[PDB]
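What follows is calculated from the coordinates using simple rules that are stated; it is not laboratory data. Reconstructed Cβ throughout: ideal geometry from the backbone, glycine too, with neighbour counts over all protein chains shown.
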Ligand SMILES: Cc1ccc(C(=O)Nc2ccon2)cc1NC(=O)c1cnn(-c2ccccc2)c1N
């Protein structure tokens, strides 16, 4: 298009990006799009460039491509990853088959920090406060991260955090979303924050489950087996049958689990790691907790503008998802 694009082979795939993006070096992947660390000639900054993997080769991928670009273009928050640029080597909609997304390049994720260190309490407060500040904003647009974990929580140390793969791995998942979605809310992310926070304070994974049944066993040893009040609210027969079959376990006192931690941290952990999603603290409420008195500013915890996600209910053809994505690429304006 307007810039001159250059081709190269990175990993076992062809990358075709503009001349402003130089020295592309792989970082990592998954099953949705590998990322390269790059140098922005125009800004003099290091960027992260993601090439979407076969964006329009399936109905699930085509809608996922749209979803991701809509999510990225909408979210404008300090603790939430943001879109710097979006491009395609394609000059028209007929040749459109590749999507590239550009963000800032972060220094490290939360797995890296906990390996090379044993964090302090102010360190934990600032990290957790930032994650919560970002989730309040995400949750206000009616989006649940659903897969919050240390690998999608990244820092540009300093110690300034950004949440990565929000609206679309076992150790940080809410128990309700483990044993078939027996009704769920946004606090599904709060359970994950609890798991992350506990790991930041102890240096060890809270529940390192070897499988989906062992994961549940580990969760229940700390939080206890579901009580009378909770069991009554479970409509799924198979889920109730499963719960009823486990030997009764009491809920542990978190003061005897998190030995030496700030008492305010322990109180907060108890509020986040509650079995009942109905009783679990929210992002906005957690930001008001005393543990964050040094960081909390109710005038500096913004919410998101309204986000139209009616598209989520719509069943379209690959080429309709493609055209809709094509419009979001063309219409894009940098932050700057
Ligand atoms: C380029 C890109 C495109 C999309 C998203 C993204 O979050 N997408 C979605 C999808 C839905 O909602 N958001 C993130 C990125 N950036 C990174 O992945 C990224 C940036 N810095 N590091 C990094 C570098 C070194 C260590 C740790 C992290 C990364 N892993």
Check your understanding: When residue 31 is evaluated against the numbered criteria (1) within 15 Å of the ligand (Cβ to nearest atom); (2) surrounded by 13 or more Cβ atoms within 10 Å (Cβ to Cβ); (3) within 20 Å of residue 168 (Cα to Cα), which criterion, by number, is the only one it fails?
Key -> (2)
Point to revise | Matching residues in the range 167-196 - criterion: being within 16 Å of the ligand (Cβ to nearest atom), assigned to a loop (DSSP other than H, G, I, E, B) and either closer than 14 Å to residue 283 by Cα or touching a strand residue (DSSP E or B) at 6+ places or on another chain (Cβ under 7 Å) (or both) | key: 186
Review point. What tally of residues in the range 66-76 results from selecting those that are crowded, with 19+ Cβ neighbours inside 10 Å and more than 10 Å from the ligand (Cβ to nearest atom)?
Key: 1
Study note, to complete from the structure: Those residues of the range 92-126 that are away from the ligand (no atom under 16 Å from the Cβ) and closer than 25 Å to residue 72 by Cα come to a total of 7
Revision key, fill the gap. Checked the range 94-120 for anything over 30 Å from residue 15 (Cα atoms) and touching a helix residue (DSSP H, G or I) at 6+ places or on another chain (Cβ under 7 Å); matches are 114, 119
Check your understanding: If residue 154 passes every condition in (1) in a loop (DSSP other than H, G, I, E, B); (2) in contact with a strand residue (DSSP E or B) (Cβ under 6 Å, 6 or more places away or on another chain) but one, which one does it miss?
Key -> (1)
Revision key, fill the gap. Taking the range 40-53 and keeping residues in a loop (DSSP other than H, G, I, E, B) and under 22 Å from the mean Cα position of the chain (by Cα) leaves 52, 53
